[PDB]
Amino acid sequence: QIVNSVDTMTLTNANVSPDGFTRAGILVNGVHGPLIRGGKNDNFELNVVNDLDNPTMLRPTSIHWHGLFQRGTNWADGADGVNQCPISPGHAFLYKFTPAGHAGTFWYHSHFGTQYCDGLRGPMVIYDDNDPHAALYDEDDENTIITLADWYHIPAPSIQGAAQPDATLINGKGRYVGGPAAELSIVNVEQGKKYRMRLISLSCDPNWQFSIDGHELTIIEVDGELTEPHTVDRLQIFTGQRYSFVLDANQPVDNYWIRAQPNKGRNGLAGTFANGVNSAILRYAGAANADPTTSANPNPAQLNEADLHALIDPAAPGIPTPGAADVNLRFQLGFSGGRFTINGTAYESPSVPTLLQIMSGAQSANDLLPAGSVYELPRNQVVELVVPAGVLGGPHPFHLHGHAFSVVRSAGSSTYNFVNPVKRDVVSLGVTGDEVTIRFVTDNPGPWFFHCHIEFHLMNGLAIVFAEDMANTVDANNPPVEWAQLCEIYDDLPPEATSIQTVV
């Protein structure tokens, strides 16, 4: 089912069984993660009605529209503690924004705690009526979207120890090791046509190696940013990254396995495809309703992010020399006292959201809470951030709210590209020795989150806040009166309203 650009999103709890194990989950308009779609100039008005009442998972909510820059609408960006206070059970909040010409493949997810891990997440596609790559494919619709999701048999708040997915969900469906032969997702194609497949990771943690038996993947988009066409057999996708790839249905009519192998999971999930776990079906019209019997490519050409190149306005901003940006920041990641830190500080959410602190009179980073996690950025300048990998629990996929950035230096590469680098909004920091360097221009007044997108790391402190262009933040953003009321309502909630019932 589909949600339109002006619509209501009613959030409820119900039982779900995407892998044949039934447990309670979170539904949006009676559907597990429905598609949100519109056009690049639409004005979105999304009324989010929080009717959640199951105490085994988070009830208060906050929706993030991942990849949208939210210029002038920082109050609708959805990171609780930064842009808003949570929407409380029994209440509604109207988000109003526009893509402002930015087309691409995105996704929406709750930004509150680990609630998105329990299913409050889904694909969001913004179509371009002038798409630059329209000559490259014939079909692009609700049937060419492929979402990847990690799924747990117990509610996220009850996970004890290091999280390990029970299953990989492809378009909401999949199987777990030792589980029943639950229905697999089918992606239908016709021999001779070309399809713009939109691949989205909805993950709370695991990354996947994705490939389709017998077919190549011609990448033409990354994280809502178009690239020169670049063909590969297999790619590694991290939390919240998106790729559009042209699928050329040029093989014999047949059933082909679609494969998404996780880096971790219960009972051997990471190492097998046995019984159709970690799988979906690519079916050519005319093939029987049966399982594929194909096999993966033994020696795949692997996607390397430094091979991706931006199609439009390719050059990285600023002087084309490492360290020659207007503002040059280097962050030191750490893990101390059971908490991740950045430059010695572990992120903890303030009781007054940064945007509300700024609207209330804060004039500089020194006045903002929490102390040690907030970095001020000047207006209209070129920034270069460097975030060396090394810290445990990686690879850590960092994301920046409010901006897309050029990746002048990717993981696994020791070279810099200022002429043509891919532009994206979620980047892997790699492994020990890597020095991922990104660039962006500070053209979007407001407080924006910068943090690891593995939700278990975010909740243990791996986050910082950029207070960008503080002098123009009040003029640029003008939240509705309901926005400021969220905090009053939420601070007044009774203890039974936010209490988490654990399960074993």
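One rule holds for the numbers: they count along the sequence shown, beginning at 1.
When 279-287 is weighed against 202-210, 279-287 comes out higher, by mean CA B-factor as recorded in the entry.
For the pair 265-273 and 240-248, the mean Cα B-factor is higher in 265-273.
Within the selection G224, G172, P320, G122, the deposited Cα B-factor values reach their highest point at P320.
Going by the entry's values, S349 shows the largest Cα B-factor out of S410, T105, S349, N83. Among the modelled residues of its chain, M470 has a C-alpha B-factor that falls in the middle third, as given in the PDB entry. Among all modelled residues in this chain, the alpha-carbon of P447 has a temperature factor (C-alpha) in the lowest third. In the deposited entry, the Cα temperature factor of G394 places it in the highest third of its chain's modelled residues. Looking at the C-alpha B-factors along this chain, the one for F97 belongs to the middle third. Sorting the modelled residues of the chain by their CA temperature factor places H401 in the lowest third.
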